[PDB]
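In: pasting the first bit of my complex, frame unchanged:
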Amino acid sequence: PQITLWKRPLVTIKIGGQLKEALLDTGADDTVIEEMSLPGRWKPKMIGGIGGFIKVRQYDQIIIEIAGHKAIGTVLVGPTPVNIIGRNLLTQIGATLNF
């Protein structure tokens, strides 16, 4: 698809058997999802942005479906205000910025 940016670029994702709404975020290096459980091992990480840092759990090799397109990669889980699909997964679905 071609998504214009008059409004927030929200899409439906499937992660851990759950449907969620998430923001396609070119300014995010990583993918950060609100608290949920995911299977497998994880390790703690700190990520920072406007407002400062939050502690998250880093899960590797997690499959997501993003607007119908499957990807795999690292997902960070923690107290993010918004679910964010960052570049680590946007690349996998072939997303580009065009102007």
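Out: Perfect, I can see it now. Numbers count the residues shown, from 1 in each chain, chains lettered A, B, ... in the order given.
In: residue contacts, residue A:9?
Out: By C-beta atoms under 8 Å, 6 or more residues apart in numbering, the contact list for residue A:9 reads A:3, A:23, A:24. From N, CA and C alone the C-beta is placed, and that goes for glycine too.
In: now with 6 Å, please.
Out: Contacts here follow C-beta atoms under 6 Å, 6 or more residues apart in numbering; on that basis residue A:9 touches A:3, A:24.
In: how close does it get to residue A:18?
Out: Going from residue A:9 to residue A:18 by C-beta to C-beta, to the nearest Å gives 20 Å.
In: and what of residue A:75?
Out: For residue A:75, the distance to residue A:18 (C-beta to C-beta) stands at 12 Å.
In: next up, chain B:
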Amino acid sequence: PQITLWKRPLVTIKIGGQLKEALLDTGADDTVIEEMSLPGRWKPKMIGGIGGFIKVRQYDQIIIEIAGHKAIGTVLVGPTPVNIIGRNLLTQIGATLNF
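Out: One more piece, chain B, placed on the ones above:
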């Protein structure tokens, strides 16, 4: 151009005659720049990012060039960790997300 997302989508901007680096950020509603002086009056605004909310200075109708494209619109000034071009100016330069 067509910008892929394997690296951060950093571009050169020009504001107040000065070149700066900024991130093209589809997850940002608003454009937020590090401390600098801009002309005119400002208005207060709070913005909420991943670590919580910060105070910024809102300057309206600021001339800004983004990757060679001319925009005139609102710029927020405050303690952001990187200069971010948000949707208010991405729309002015004609940017879309495509996959």
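In: same question on the contacts of residue A:9, but with chain B included?
Out: Going by C-beta atoms under 6 Å, 6 or more residues apart in numbering or on different chains, residue A:9 touches A:3, A:24, B:26, B:97.
In: let's see it at 7 Å
Out: For residue A:9, the contact set (C-beta atoms under 7 Å, 6 or more residues apart in numbering or on different chains) comprises A:3, A:23, A:24, B:26, B:97.
In: and if you look at residue A:61?
Out: By C-beta under 7 Å, 6+ apart, residue A:61 lies in contact with residue A:72.
In: picking that back up, may I see the contacts of residue A:9 arranged in CSV, with secondary structure as well?
Out: Shown next, in CSV, are those (DSSP: H, G, I helix; E, B strand; the rest coil):
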residue, secondary structure
A:3, strand
A:23, strand
A:24, strand
B:26, coil
B:97, strand
